[PDB]
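**Student:** Provided herewith is a single structure, encoded as C-alpha cells, for subsequent inquiry.
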Amino acid sequence: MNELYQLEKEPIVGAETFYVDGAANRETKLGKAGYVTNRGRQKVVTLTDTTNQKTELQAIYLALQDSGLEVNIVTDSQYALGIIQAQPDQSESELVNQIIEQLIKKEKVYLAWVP
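Residue numbers for the sequence shown follow the entry's author numbering, beginning at 423 and rising by one.
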C-alpha cells in the first residue's frame, strides 16, 4: 500500500516553524543536523558515519519528531525536499532501481552526458 502524505500550500498560522539545517564534512564523515524554531527552541544532534544528504534529511526528521501535530518546516536543502517529493512516485523509483540493477549486471558500461 502506497500511503500518501498531504502538504500545505502555505504556512500553518500559529504553528511552530522549524528552520532546519544539516551538513556533513566530506573528510571526517561527521555531520550535524538540527533546527532553530520561531518559538526559540533549538536542537543540534551529531551523526556518526554520515553524508550531507543524510544529515539534511535527518534535520527534517528531527523537526517532525520534536514538533506538535501542526508544523511548518523550512529547509535550506533543495535535495532533501526533492527526495521527499519524489517518494510517492513508485513508478519512477522502480524505473531508476531497474536501471541500477541493469548497470550492476553489465560487465563494462560507459555512461556519459555529452551536451
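Every residue gets a Cβ at the ideal spot worked out from N, C-alpha and C, and that includes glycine.
Around the Cβ of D443, are there at least 16 other Cβ atoms within 10 angstroms (buried) or fewer (exposed)?
**Tutor:** Counting Cβ neighbours within 10 Å, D443 comes out buried, since at least 16 surround it.
**Student:** Using the Cα positions of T459 and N474, report the straight-line distance between them to the nearest angstrom.
**Tutor:** When rounded, the distance between both Cα atoms is 21 Å.
**Student:** Could you check if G490 is buried or exposed, using at least 16 other CB atoms within 10 Å of its CB as the buried criterion?
**Tutor:** Counting Cβ neighbours within 10 Å, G490 comes out exposed, since fewer than 16 surround it.
**Student:** Looking at C-beta atoms only, is the number of pairs between the region 433-442 and the region 453-469 that lie closer than 8 Å three or more?
**Tutor:** Counting Cβ pairs under 8 Å, three or more are found: they touch.
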